[PDB]
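Engineer: Structure below; questions to follow.
What follows draws every value from the coordinates through simple rules; no lab data is involved. For neighbour counting, all protein chains shown are included, and Cβ atoms are generated from backbone atoms with ideal geometry for every residue, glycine included.
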Amino acid sequence: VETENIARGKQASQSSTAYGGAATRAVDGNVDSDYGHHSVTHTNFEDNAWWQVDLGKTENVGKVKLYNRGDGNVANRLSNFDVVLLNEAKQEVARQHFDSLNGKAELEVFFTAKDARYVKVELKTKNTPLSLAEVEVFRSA
Ligand SMILES: CC(=O)N[C@@H]1[C@@H](O[C@@H]2O[C@H](CO)[C@H](O)[C@H](O)[C@H]2O[C@@H]2O[C@@H](C)[C@@H](O)[C@@H](O)[C@@H]2O)[C@H](O[C@@H]2O[C@@H](C)[C@@H](O)[C@@H](O)[C@@H]2O)[C@@H](CO)O[C@@H]1O
Ligand SMILES: [Ca+2]
Ligand code: NI
């Protein structure tokens, strides 16, 4: 993949916002995973929480990297989730399911040369907030 993080500074949004955990914290160029350092997102405790970045145009995506929240022993909240690519009309062009990050600070998701404008993370879990320290997106080589 290319090295430029194309998610950086892009428009981001999420299902809801709590504890001041603004969606733009996942694309601020800071992977610091300590919620107290203000670079980690947070939605409401809700069903099927989600977070999205608009790349602003259609790009050929090869890698999405998720960085989990690291403080407070709540890393497990990022489990049973999909990483979704959508085209400009917001139709799904790819989707990968993950049970867990297994303790790891991050997860690398590789997509097979998908032309997509939106990258979405979707929890499939009830009454669970979605918190991401950072989402980075890289073009196919
Ligand atoms: C229980 C409630 O959510 N607490 C909120 C505070 O967050 C908790 O603070 C604790 C120390 O005071 C400790 O750090 C806990 O780990 C932390 O709880 C975690 O994070 C929050 C944001 C939620 O996701 C909880 O479900 C989770 O268990 C919060 O404190 C502020 O953020 C934390 C991370 C830390 O930086 C702290 O020093 C900050 O004051 C406060 C203020 O918004 O609000 C709740 O009380
Ligand atoms: Ca961040
Ligand atoms: Ni600190």
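Engineer: Against the conditions (1) within 20 Å of residue 7 (Cα to Cα); (2) assigned to a strand (DSSP E or B), where does residue 88 fall short? Just the number, please.
Structural biologist: (2)
Engineer: Then there's this: Out of curiosity, is residue 75 away from ligand 2 (no atom under 13 Å from the Cβ) and touching a residue at least 12 places away in the same chain (Cβ under 8 Å)? Before the answer, list the steps.
Structural biologist: Values: away from ligand 2 (no atom under 13 Å from the Cβ): yes; touching a residue at least 12 places away in the same chain (Cβ under 8 Å): yes.
Yes; evaluated as a whole, the condition is true for this residue.
Engineer: Continuing with the same structure: If I ask for residues that are of a type in the set (D, E, K, R) and crowded, with 16+ Cβ neighbours inside 10 Å, which ones from the range 55-81 would you list?
Structural biologist: Selection gives 59, 63, 65, 69, 77.
Engineer: Here is a further query. Is it true that some residue in the range 34-42 is farther than 25 Å from residue 4 by Cβ, within 16 Å of ligand 3 (Cβ to nearest atom) and hydroxyl-bearing (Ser, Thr, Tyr)?
Structural biologist: yes
Engineer: Here is a further query. Name the single residue that is nearest to ligand 1 (Cβ to nearest atom) among those in the range 29-83 being of a type in the set (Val, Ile, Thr) and within 19 Å of residue 105 (Cβ to Cβ). Outline the logic, then answer.
Structural biologist: Filtering the range 29-83 for residues of a type in the set (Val, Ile, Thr) gives 31, 40-41, 43, 53, 58, 61, 64, 74, 83.
Those left that are additionally within 19 Å of residue 105 (Cβ to Cβ): 31, 40-41, 64, 74, 83.
On the way: 31: 16, 40: 8, 41: 11, 64: 23, 74: 5, 83: 22 Å.
This residue is 74.
Engineer: Those residues that are within 16 Å of ligand 3 (Cβ to nearest atom) and either of a type in the set (A, V, I, L, M) or surrounded by fewer than 19 Cβ atoms within 10 Å (Cβ to Cβ) (or both), I need them from the range 21-33; list them, please.
Structural biologist: Result: 30, 31, 32.
Engineer: Could you say whether any residue in the range 102-120 is surrounded by 14 or more Cβ atoms within 10 Å (Cβ to Cβ) and in a loop (DSSP other than H, G, I, E, B)?
Structural biologist: yes
Engineer: I'd like to verify a number: residues in the range 29-44 that are out of contact with any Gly (no Cβ under 8 Å at 6 or more places or on another chain), touching a residue at least 60 places away in the same chain (Cβ under 8 Å) and not polar (S, T, N, Q), how many?
Structural biologist: Number of matching residues: 2.
Engineer: Now for a separate question. State yes or no: is residue 1 within 15 Å of ligand 2 (Cβ to nearest atom) and either closer than 21 Å to residue 104 by Cβ or surrounded by 17 or more Cβ atoms within 10 Å (Cβ to Cβ) (or both)?
Structural biologist: No; evaluated as a whole, the condition is false for this residue.
Engineer: Read through the list (1) within 13 Å of the chain's Cα centre (by Cα); (2) within 22 Å of residue 34 (Cβ to Cβ), then give the number of the only condition that residue 63 fails.
Structural biologist: (2) is the only condition that residue 63 fails.
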